[PDB]
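Inside the fold
Each chain, letter by letter, is given below.
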6 protein chains.
Amino acid sequence: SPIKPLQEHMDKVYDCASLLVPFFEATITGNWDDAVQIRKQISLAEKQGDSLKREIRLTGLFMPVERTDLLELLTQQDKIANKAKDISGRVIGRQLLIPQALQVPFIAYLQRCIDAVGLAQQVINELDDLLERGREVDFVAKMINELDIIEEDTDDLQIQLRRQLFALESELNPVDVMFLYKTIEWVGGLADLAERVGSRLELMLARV
Amino acid sequence: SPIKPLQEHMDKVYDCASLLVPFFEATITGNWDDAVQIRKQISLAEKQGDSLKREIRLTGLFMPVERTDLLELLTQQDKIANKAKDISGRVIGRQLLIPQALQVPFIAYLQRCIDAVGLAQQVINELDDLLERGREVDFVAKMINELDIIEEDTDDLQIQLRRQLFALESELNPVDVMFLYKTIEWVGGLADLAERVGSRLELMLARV
Amino acid sequence: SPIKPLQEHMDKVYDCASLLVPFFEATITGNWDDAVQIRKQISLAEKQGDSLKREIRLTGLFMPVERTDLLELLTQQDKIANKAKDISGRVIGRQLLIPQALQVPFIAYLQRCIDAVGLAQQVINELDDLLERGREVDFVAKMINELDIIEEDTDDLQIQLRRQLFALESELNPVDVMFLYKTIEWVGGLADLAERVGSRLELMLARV
Amino acid sequence: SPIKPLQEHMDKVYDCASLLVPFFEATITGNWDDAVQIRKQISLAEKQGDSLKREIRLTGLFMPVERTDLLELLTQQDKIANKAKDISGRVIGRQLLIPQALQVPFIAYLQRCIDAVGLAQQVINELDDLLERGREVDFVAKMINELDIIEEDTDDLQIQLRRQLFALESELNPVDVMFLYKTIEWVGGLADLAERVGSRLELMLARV
Amino acid sequence: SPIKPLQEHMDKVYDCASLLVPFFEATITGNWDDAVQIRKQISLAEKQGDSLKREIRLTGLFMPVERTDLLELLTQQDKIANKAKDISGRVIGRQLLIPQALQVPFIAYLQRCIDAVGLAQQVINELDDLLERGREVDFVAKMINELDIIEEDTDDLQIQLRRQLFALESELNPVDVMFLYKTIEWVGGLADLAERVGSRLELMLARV
Amino acid sequence: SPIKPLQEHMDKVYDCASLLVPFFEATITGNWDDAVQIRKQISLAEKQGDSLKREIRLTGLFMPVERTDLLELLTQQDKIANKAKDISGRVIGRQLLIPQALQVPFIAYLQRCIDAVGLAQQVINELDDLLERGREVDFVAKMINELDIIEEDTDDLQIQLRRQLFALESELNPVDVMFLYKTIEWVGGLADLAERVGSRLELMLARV
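What counts, and at which threshold
Residues numbered from 1 in each chain as written, not as in the entry; some residues may be left out. Chains lettered and ligands numbered in written order. Heavy atoms only, no water. Residues with missing side-chain atoms left out of burial classes, pairs and counts. Helix = DSSP H or I, 4+ residues; strand = E, 2+ residues; numbered from the N terminus. Rg over C-alpha atoms; globule rule 2.2 N^0.38 Å. Contact = heavy atoms within 4.5 Å. Nonpolar A, V, L, I, M, F, W, Y, C, P; charged D, E, K, R; others polar. Least-squares fit on C-alpha atoms. Salt bridge = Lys/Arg side-chain N within 4 Å of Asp/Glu carboxyl O. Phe/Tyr/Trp six-rings, centres within 6.5 Å; stacked < 30°, edge-to-face > 60°. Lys NZ or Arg CZ within 6 Å of the ring centre and 35° of its normal. Axes fitted to C-alpha atoms, helices over the stretch in contact; angles between N-to-C directions. Parallel < 35°, antiparallel > 145°, perpendicular 65-115°, else oblique. Left-handed = near helix turned anticlockwise from the far one by under 90°.

As recorded in the entry header, the structure was determined using X-ray crystallography to a resolution of 2.280 Å.

1. Looking at the overall build of chain A
Looking only at helices and strands, one finds seven helices and zero strands in chain A. The secondary structure elements of chain A, listed N-terminal to C-terminal, are α-α-α-α-α-α-α. Taken over C-alpha atoms, the radius of gyration comes to 18 Å for chain A, in line with the 17 Å a tight globule of 208 residues would show.

2. Some words on the interface of chain F and chain A
Each partner contributes to the interface: chain F provides 19 residues, whereas chain A provides 14 residues. Contributions of two or more residues to the side of chain F that touches chain A are made by α6 (135–168) and α7 (174–206) of chain F. The greatest single-element share of the side of chain F that touches chain A, amounting to nine residues, is contributed by α6 of chain F. When the residues that make up the side of chain F that touches chain A are grouped by side-chain class, the tally is twelve nonpolar, one polar and six charged.

3. Examining the relation of the copies chain F and chain A
Here the second copy of the chain follows from the first by a rotation about an axis and a shift along it. Aligned on chain A, chain F shows an RMSD of 0.0 Å; the corresponding rotation is 120° and the shift along the axis is 0.0 Å. Here the transformation between the copies is reduced to the relation of a three-fold axis. Taking C-alpha positions as the reference, the residue of chain F nearest the rotation axis is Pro174 of chain F, at 3.9 Å. Here only 11% of the interface residues in chain F have copies in chain A that are interface residues too; the copies meet through unlike faces.

4. Things to note about unusual backbone geometry
Although it is not a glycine, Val208 of chain D sits at a positive phi angle of roughly 120°. Here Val208 of chain D lies in the segment after α7 (174–206).

5. Quick look at the arrangement of the chains
You won't find any contact between chain A and chain D; their C-alpha atoms come no closer than 14 Å. Separated in space, chain B and chain F share no contact, their closest pair of C-alpha atoms being 8 Å apart.

6. A closer look at the interface of chain C and chain B
At the interface, 19 residues of chain C touch 14 residues of chain B. The leading source of residues in the side of chain C that touches chain B is helix α6 (residues 135–168) of chain C, at nine residues. For the side of chain C that touches chain B, the class distribution of residues is twelve nonpolar, one polar and six charged.

7. What to know about the pattern of salt bridges
A salt bridge links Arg200 of chain B to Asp69 of chain B; the nearest nitrogen and oxygen atoms lie 2.9 Å apart. Here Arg94 of chain B makes a salt bridge to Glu169 of chain C, at a shortest N to O gap of 2.8 Å. With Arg94 of chain B in helix α4 (residues 67–94) and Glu169 of chain C in the loop between α6 and α7 (174–206), the pair connects residues from two separate chains. Several salt bridges converge on common partners, so that one network encompasses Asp69, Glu72, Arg200 and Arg207 of chain A.

8. Side note on the packing of aromatic side chains
Note on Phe24 of chain B and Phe106 of chain B: the rings are 4.9 Å apart at their centroids and 65° apart in plane angle, and the pair reads as edge-to-face. A centroid spacing of 5.3 Å and a plane angle of 80° characterise the contact between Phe23 of chain C and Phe24 of chain C, whose relative ring orientation is edge-to-face. The structure contains a cluster of three or more aromatic residues connected by ring pairs, namely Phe23, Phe24 and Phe106 of chain A. Over the ring of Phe179 of chain A we find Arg94 of chain A; its NZ or CZ atom is 4.1 Å from the centre of that ring.

9. Observations regarding the relation of the copies chain C and chain B
For the pair chain C and chain B, the relating rotation is 120°, the translation along its axis is 0.0 Å, and the fit reaches an RMSD of 0.0 Å. Comparing interface residues between copies, only 11% of those in chain C also sit at the interface in chain B, which points to a heterologous contact through distinct surfaces.

10. Quick word on the packing of helix α4 (residues 67–94) of chain F against α7 of chain F
Residue and element names in this part refer to chain F. Two numbers describe how α4 lies on α7: the axes approach to 9 Å, and their chain directions differ by 165°. Of the possible angle classes, the one that applies to α4 and α7 is roughly antiparallel. Of the two elements, α4 crosses α7, and the hand of that crossing is left-handed.

11. Some words on the environment of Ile184 of chain D
Here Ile184 of chain D lies in helix α7. Discounting chain neighbours no more than four positions away, the residues touching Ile184 of chain D are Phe106, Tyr109, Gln158, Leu161, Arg162 and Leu165 of chain D.

Here it is in structure tokens:
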């Protein structure tokens, strides 16, 4: 299928974003050597994703989907990997310590944002089936329902996490407080980017 | 492939047109009972072609070719079968006797017009390969070369056949002379219709 | 609806073709003065159809159908009116007398060919409803069924009519025999042209 | 301009059809050797037109017009040349003598049908200007007006020519009478084919 | 009109964003209970907008506009409502007090950013008229002129507001200063998002 | 070429962004009067870019590229100029002093981000050549290679610059530290926006 190269790229981007959980777990236990190694794994997966992206961009004729849709889809997908690499780099660069009280909830929030990327990977895969009449509406309905569940959870977790940070601001350095808010925001951006992947698929299905 | 139903229809239309050779051979030996039976075979193949045409017209989503191109292709194909059925019916209806001197050349002309339909069937089949970058130009070049060979032969045979009829006009009834010219014309129309099949394929390849 | 100007043109083309029945009825009773007047009515309706055609060709923006489909549809429609005008002119020009024995069957054949034009008018009208998801397949299925009924009848009548002419050839002038076959053919062409109208509509429905 | 190869082909097709006037003038003066030579000129121009057709079919990227429109335009254009070659061949093959009384009017009818081809050549050329907003409607309006003038003339001439033939039928051989009607028809077909050229241009302008 | 569901969604998104003025007015008078209630109104309007969005995404055939354009338009529209809900939530979560000196100018800046959303609502509505030739250029010209007026005002107000904040930084907590800059930025984002709505409409008009 | 107005706009946007180097050089030497004048030059170039943008938006027929692609391209281009104007305004508004140690590296980072805009200008220009078959893949390959070189450099410089800022945070006011990070981010955004210009061109080339 013409979607297979895209599925492979999306699988790589999911792998890259998923490494953020053990990356952060390592920072939390104070094992910076390990966090540095997991960041190399994140960079490798990003580099690999890039190479797949390149080959796709440079490679047809009779087509069941638009070339431009595939390119736009690819663009959204690779942003997820770049976000993961960026976040990990900024964290290593400041040796960011998530405050004790925020550790458990931060990991749960991160994991749920990564689940949003997991949904994107899942929808791209489920699309082979749709490529192999009326079924498109049911597909989009399901996608919407699945995302609403994840968004409800991530919103609640994001709020709790910020509420906790707000209570700790008086005891932290302001610049560190701001970089903690930026990190929560950036993590949330992974889920935003994953939503744009499903939007691009929905546009393709709307073309007939 | 989306072209498979079209290939099947084209195979049926070729079978239907090919029956014109034994149909005419039977009329020439004066076995009208047999010619009547071969005309039922021609009608059956036309009916079968129609049923395939109907199912295609009534039956998608992600598509490597345009729906409208397939419909226009189908329309041109079914004209070939209708032409064969029409010719055979008119011949049975008048009990048309091809004059002795014209028999051999008429059959050779008919056969070569049917070969033009054979080329259409061949190009439709060779298209799977093209469906499985630059190859499209070579495909069209070949198609053009193959048709030029057949057209050169059919033109020469048509001329010789009319030259012979012209010499015999003084000995035949005028209405019969006119119906002999119409039959030569109609046979030639099979090759014209087959050319329109290859033209429709060429248009599809031009869309990218 | 964007189809309304097309429906109006089709209504005019149907009116023009329908005048062929009383036109021929007049020739059969030997009232050539009346046939000449009905031919002026046929020419008027053709002129009127032309003026509608012109205004459409010269006259948008947001469109529920393709401009080019409407133009191609219009082209097929106006051929029907031109055919009626041509047939009537040739008949007046030769003062064509349909032989006695062929009169009743010729009129029934003509009427049934005109019914094929009536089907085209009917399908164009029924299209407003379709313009006001899955319904398109049922529409085409119905159109196919309606045409198959008319084609079965016209084929049978055409055969009977030619069989009768064949029996009378020995008693007629050959040129007159040939012009009688041409007239049967031309009448049959009205139904062929009407079929091309429904084909163009089917192509439009295939675009989504 | 992408239209330049099409203009060149159309110029060749016009040249080919125009040779029919001196071809027929030669037959009328009984100089069959000359008519045979002018028929070789007609065949040469057709062969040349074919070679241009071939190169176009085999030869882009960023395009101001649709590739498929150019191919369909080309197809209509080359039919005109094939018609001229066919007519000239059939006339040489029967050594067709146009009756004395029909000679002058036949040539005037032929010339006016060729003028219809001249209009097609003219519209294709005037299209460069349109290729170099609202101007498209005025262009089509003019084309329609120019064609209406030619069609009015050709219709009148065709009628007069058939009226004259009708008066002479009693003195000619029936087969010859029929081949004279076929020749008038075929000549008229040149103007029909030229009209289809302008229709294809009108469709292109309707795409925006 | 196919635009009606979009107009309804845009009306809801405007209502949702407009509630930010009384929401902020309540925070400024220290009535947090009221601000909390107005935030529930903002959430309700967002939820309602979502439900309209969902029904549109799941619901044709003959279309005067592209399905994908409507989906992209809808996506931009719903971002405005999400922005309003997000801003109100963050403000309630920190119990953000806009400093006294900034209150009047902040409200005027907010109101003018909301006017930019009002322009989007207005252009979507004015589009029915355009849906019911040359008029599209005048429409876009007007839209551009209307936006230039609003952008000139919002830019000036944004600058004055930041200039005032800059003067007060020495007397505030740094984290609070940063969250005040973020709030000004976020408000400005409403006007940015509204501009993207008009851009999507302009793209639709460019398709013909 | 239809791309010429776009090339002119891109040239203006490049000029506008390039003025950021002498603008910042002036701030670094403490010549605020000069920085204010260079900011007027930046605003002028932005105003000029806007006027070109407007004329393009308001101004065809036969087109080698899609109107909507040109509009989307234009939108991405004008964001670069708006970013330059915004950055310069914020810097003048706070009288931002880049710390001594960061001056040299900041200018080198800025210059390299501007080189990314230079690449966009270069690719838009090189596109005339492509507008005057297989060449499109080589074009995109080159563009990718050129960008990878610039991105490698900008990433390294951005990291070094943040590492240096991190070391100086203890000696600066927190709000100033945050506005220094925002300025590095904004500068980096110029290169992000330039990448989106090349992406839009790549999409156009993918349409055939």
